[PDB]
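Structure, as structure tokens:
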RNA sequence: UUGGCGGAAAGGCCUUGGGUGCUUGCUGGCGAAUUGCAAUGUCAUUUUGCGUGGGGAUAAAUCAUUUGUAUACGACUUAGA
RNA sequence: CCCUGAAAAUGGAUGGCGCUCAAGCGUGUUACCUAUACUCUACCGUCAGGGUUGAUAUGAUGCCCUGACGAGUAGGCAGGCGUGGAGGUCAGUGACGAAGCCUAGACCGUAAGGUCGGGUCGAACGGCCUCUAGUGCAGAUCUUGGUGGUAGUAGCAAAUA
RNA sequence: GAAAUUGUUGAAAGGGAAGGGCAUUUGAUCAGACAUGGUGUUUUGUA
Ligand SMILES: [Mg+2]
Ligand SMILES: [Mg+2]
Ligand SMILES: [Mg+2]
Ligand SMILES: [Mg+2]
Ligand SMILES: [Mg+2]
Ligand SMILES: [Mg+2]
Ligand SMILES: [Mg+2]
Ligand SMILES: [Mg+2]
Ligand SMILES: [Mg+2]
Ligand SMILES: [Mg+2]
Ligand SMILES: [Mg+2]
Ligand SMILES: [Mg+2]
Ligand SMILES: [Mg+2]
Ligand SMILES: [Mg+2]
Ligand SMILES: [Mg+2]
Ligand SMILES: [Mg+2]
Ligand SMILES: [Mg+2]
Ligand SMILES: [Mg+2]
Ligand SMILES: [Mg+2]
Ligand SMILES: [Mg+2]
Ligand SMILES: [Mg+2]
Ligand SMILES: [Mg+2]
Ligand SMILES: [Mg+2]
Ligand SMILES: [Mg+2]
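Protein chains in written order, with this note's numbering: chain A, 250 to 376; chain B, 241 to 288; chain C, 19 to 124; chain D, 21 to 203; chain E, 3 to 199; chain F, 2 to 112; chain G, 100 to 266.
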């Protein structure tokens, strides 16, 4: 249903983990660059973790594309979803976490009426 | 050197087979009882 | 007949490697009966299947297959380089592998 | 309420617990692990034999630099002790749980200790006095102990999933040929 | 090409045979070596005796039970010479060493199977005539191997029995050759010759 | 550097396979006579063979013709360098120096 | 709102492809494949069976018959890349293979809704096979042992080296 | 089924008799297809459990007590129907 | 070339194994192995040179064409991610469950980070354009508070019982 | 009602550390795409 696109290529699927985030608990996994003078990671010794850098940039024709082939868009109520009326083939709507179940029902009903794809048509569904 | 076979006597005294038990007082004392049955025929299992 | 083999036997030796660095994307294969690149030149382009067994049944069988091709000769003793859809698990070093006769050229 | 993680039938189970018990945590843990999954009367008899040094509690985890004993052979271990205090508290809770099971209307004969756990309780701190006028902590390690008894059941169930299968066309042809050439 | 390979160790060089067997093991071929006491080492006897003695001196200072063990049996000497030829500290190495069995003399069932030799590791084809060489069994007994006499006795017995075996085999093959000769100069033999058989 | 006297075949090979012009400070592949017409039409050069002839026969406009060509980007020789060690003079059995006429084989291998 | 808006949206119109210049022209099949040569099947149900080659079809394929009477391989279509051409030659003049073509073999795939686990042949295929093979075996019966040769199955033995073998 | 030989890790080798299936040594007849143009196209052994029905046999060790040829505790040596 | 000359302390090192018409030494010829090196291709970014105001439709700081280039501490600059609070807007979310917390469940971004699914929870919170700062932590024998291993360990033995 | 730390249950590995990088086997677990417009009425609620 999505607009046709080339094959999706990422060049690096592994999340970049902060050095020694696996060794000390106080070192969070959020990536920080090592500014040490004798740090092997900064000196890029063979056998150590790879640092994030611009060479891993994604293809501009592929950037921000979901595996389904759409660009994700956050929606908060019915009025926002009407901004995607003529853009079904490229954008997909996603209900914000802070949306009540009753409002989610009408959101999903409207999206199905207009053929808008919904990434999470299961949030807060009672069954 | 390796031991290949062992041939025992037909009858054993009480004192010798007590070596084979860590608790002689509560036991059936069935030591070499079926080996004793290897005798009672001339030489079948022993002379061989 | 008693023999139903339509492939030549091979042994997965090692990955492409230097002293300290190996490249899992390329594998080295030794074919029985080949001792020179000129004879191995016949065997390029053939399909290679690695046949292993698993406990869990996937789609009706205990047998799962790795499919790959030879790319070029290697060295002066008829060893060849082979690549697969998925690189061999590196536990198969010295395991027997199957080299078929297709695509044939004769 | 709100016991630990259990997988039993709550209708066929009875529970008892104790909170803030001034008794060494490590000894209570090692005691509890000694009777886990045991038959109730068998466990009580075991505890009685422990109190008079006829059997011992094998210390698996909290056992550094303790002695050895020949009574650990039963458990294939060499480090065992006789923590009387923990034994007394545990058997008190066992009596309480048996009484609760009797109240619920359980047969009192196929009960086994299905669940039991010991976790640390808040410390009770005192002062100890060291050389050169220094002061160090001196506290107890109390325990929260909880256990659930359950009747032993027969074989649970059988007849698992149907295990649907998908066959290729060529596999279908192979099976058809095999069934045709055979019976 | 073979399930297992039995190599007759007589007349071979320790180092070259060791390298060949190591490469075969790393390739996945099961190997068993027999008659380790007839492996030959290039060089005069006293030279390798001094080499082994210098090897003996090397041991852990503070505890001799955990130092380099100095095995004395010829099979064990070969096994040591081969073990440093393989990355034995890896699981691949350990599996590779598990495919090898090194034997003194020619033991049971391997006595009834065909033995093979490695031409590129043989003494006669590798050593210039006039060069001195050693016999592994002699060196091993010089450095402490105890069982030279028993293996000699057992090999004498084995050689005798194999001699009666080969006598019968030759007798039967003579009949086979006579029958084949009679069956020749017939049509079938003529098209076999015409087609190369 | 390794240098020598090139042949007509070798220069033809270079200009055909790796032929790039310096047009407005850019490296444009030739691939067509129109580019050479536009950029060298002043100096009587009209086709790629005109460039070839201006090279091999060092003409009055050899300087501009040569400076027009972007420096050739050659690969490593296909058959190898022929010698075990490179950085000694060709007379010493090395690779650099004035290998006067054997440069044709080396350049063909490297192209 | 949760996510404000994209200022520009990509165009929804699909573009046409460029004019491809890859024309199609027929195969240059290898010279060893001559109508009437004996082949070996390297793959499929009938792998290893020695067979006869008849005609080069339009979808870059070879028409093949056993003969079905000798070994049980019927009129079947194969691909030249999975067979080996022998030096044994069978004179195939006098047989009308022009009737067979690509649409002579159609599969008639069933609807996905209908799936059968329990489970036939067309009579016309049977009679064409019976006509063709009875004409061929008139010629195979000339050369001795070749009927048995076709009944036999190809198989590699120990010591066979295909790079040095001849077919 | 008969008889030998083999103890280096024998655990195998040879041998008598009869029966049985096959035999492409040679000549015939019938079947193969649809797995649709290839997708290892599954055929080996390794261990265990549960069932059947057929034989075969009905123990010890430890704790506890005791000893002192032993001992920090373990351990060792003893003894107790 | 080899040998004597040639003696030091833990056991030991042509890297090890081992190597004698060598797997040693001098020399020649090839074939082969491989670096983040060279050739080509794709993609990311930067820089440079160019095209494109025509009506209709979005972004002229937009879109597009061409070539080259890409290491880096101290340091400089630029573009961005995030936090507390202010103005404006989305007549934004919300007791039919906001914030917070947990989640080898998912998605997006090279990344700073953002979004969702599930559990807990009960009262406030967010996106965007700007303003403002007591705005981003692993170190400072950092401050305060809490918790471990050591460890059921050292030990609880003067003053006769 | 977070973390350090601990208890219970489940999974897994463990021959003088563990932790990490590349690739893959094996196990566990997870998403998407599989309506498309359309010939068309072999049609029911007849559009
Ligand atoms: Mg951490
Ligand atoms: Mg430095
Ligand atoms: Mg200790
Ligand atoms: Mg102590
Ligand atoms: Mg004090
Ligand atoms: Mg004081
Ligand atoms: Mg080459
Ligand atoms: Mg070189
Ligand atoms: Mg000297
Ligand atoms: Mg070397
Ligand atoms: Mg030399
Ligand atoms: Mg490379
Ligand atoms: Mg909430
Ligand atoms: Mg976590
Ligand atoms: Mg309130
Ligand atoms: Mg501050
Ligand atoms: Mg901190
Ligand atoms: Mg710092
Ligand atoms: Mg501090
Ligand atoms: Mg103490
Ligand atoms: Mg004191
Ligand atoms: Mg609270
Ligand atoms: Mg925690
Ligand atoms: Mg240890």
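Using N, Cα and C, we set each Cβ at its ideal position, and we do this for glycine too.
- Among the CB atoms of chain C, one or more fall inside 8 Å of the CB of residue 185 (chain D).
- Residue 251 (chain A) places its beta carbon 8 Å or farther from that of residue 296 (chain A).
- When secondary structure is reduced to three states using DSSP, residue 320 (chain A) falls in the strand class.
- If you draw a straight line from the Cα of residue 11 (chain E) to the Cα of residue 91 (chain F), it is about 51 Å long.
- For residue 115 (chain G), none of the residues of chain A pass the 7 Å Cβ criterion, the least Cβ distance being about 12 Å.
- Between residue 59 (chain C) and residue 91 (chain C), the alpha-carbon positions lie close to 7 Å from each other.
- Where residue 256 (chain B) is concerned, the enclosing alpha helix (DSSP H) starts and stops at 254-257.
- With a beta-carbon spacing of about 15 Å, residue 183 (chain G) and residue 249 (chain G) fall beyond the 8 Å limit used to define contacts.
- Taking a 10 Å sphere around the C-beta of residue 147 (chain E), we find 16 or more other C-beta atoms and assign the residue as buried.
- Counting only Cβ-Cβ distances below 7 Å, residue 30 (chain E) has contacts in chain C at 29, 112, 113, in chain order.
- Taking 8 Å as the cut-off, the Cβ atoms of residue 47 (chain C) and residue 83 (chain C) do not count as close.
- Against chain C, the beta carbon of residue 64 (chain D) has no neighbour under 9 Å; the closest one sits roughly 44 Å away.
- Interface with chain E (8 Å Cβ-Cβ cutoff): residue 48 (chain C) is included.
- When 7 Å is used as the limit between beta carbons, residue 322 (chain A) is near these residues of chain G: 102, in chain order.
- Of all residues in the stretch 68-96 of chain D, none has a C-beta nearer than 8 Å to a C-beta of chain C.
- Taking each of E:189, E:3, E:4, E:15 in turn and checking the Cα distance to residue 134 (chain E), the smallest one comes out for E:15.
- Between residue 88 (chain D) and the set D:155, D:82, D:97, the nearest pair of CA atoms involves D:97.
- Between the stretch 250-261 of chain B and the stretch 332-343 of chain A there are fewer than three C-beta pairs closer than 8 Å, too few to call the two in contact.
- In summary, the residues of the stretch 56-88 of chain C whose CB is separated from some CB of chain D by less than 9 Å are 75, 77, 78, 79, in the order they occur in the chain.
- Using a CB distance cut-off of 8 Å, residue 220 (chain G) does not count as an interface residue toward chain C.
- DSSP places residue 10 (chain E) in the strand class (E or B) of the three-state scheme.
- For residue 49 (chain F), the enclosing alpha helix (DSSP H) covers residues 49-57.
- Taking all protein chains shown into account, residue 79 (chain C) has fewer than 16 neighbouring C-beta atoms within 10 Å of its C-beta and is therefore exposed.
- CA-to-CA, the gap between residue 58 (chain D) and residue 64 (chain D) works out to about 10 Å.
- Taking 8 Å as the threshold, the shortest C-beta distance from residue 250 (chain G) to chain C does not fall below it.
- Neighbours of residue 198 (chain D) across chain C, judged by C-beta separation under 8 Å, do not exist; the nearest C-beta is about 13 Å away.
- Close CB contacts of residue 90 (chain E) within its chain, under the 7 Å cut and outside five residues either way in sequence, are with 96, 99 (chain order).
- Distance check between residue 95 (chain D) and each of D:107, D:34, D:103, D:79 places D:79 closest, using alpha-carbon atoms only.
- Below the 8 Å Cβ cutoff, chain C contributes 19, 21, 22, 23, 24 as neighbours of residue 254 (chain G), in chain order.
- The three-state secondary structure of residue 44 (chain E), taken from DSSP, is strand.
- Of all alpha-carbon atoms in G:108, G:128, G:215, the one lying nearest the alpha-carbon of residue 156 (chain G) is that of G:128.
- Rounded to the nearest angstrom, the gap between the Cα atoms of residue 161 (chain G) and residue 105 (chain G) is 58 Å.
- According to the DSSP assignment, residue 213 (chain G) belongs to no alpha helix (DSSP H), since it is labelled neither H nor E.
- Interface flag for residue 203 (chain G) against chain A is unset, since no Cβ pair is found closer than 8 Å.
- Between residue 175 (chain E) and residue 50 (chain E), the CB-CB gap reaches or exceeds 8 Å.
- Beta-bridge annotation (DSSP): residue 186 (chain D) is not paired with any residue.
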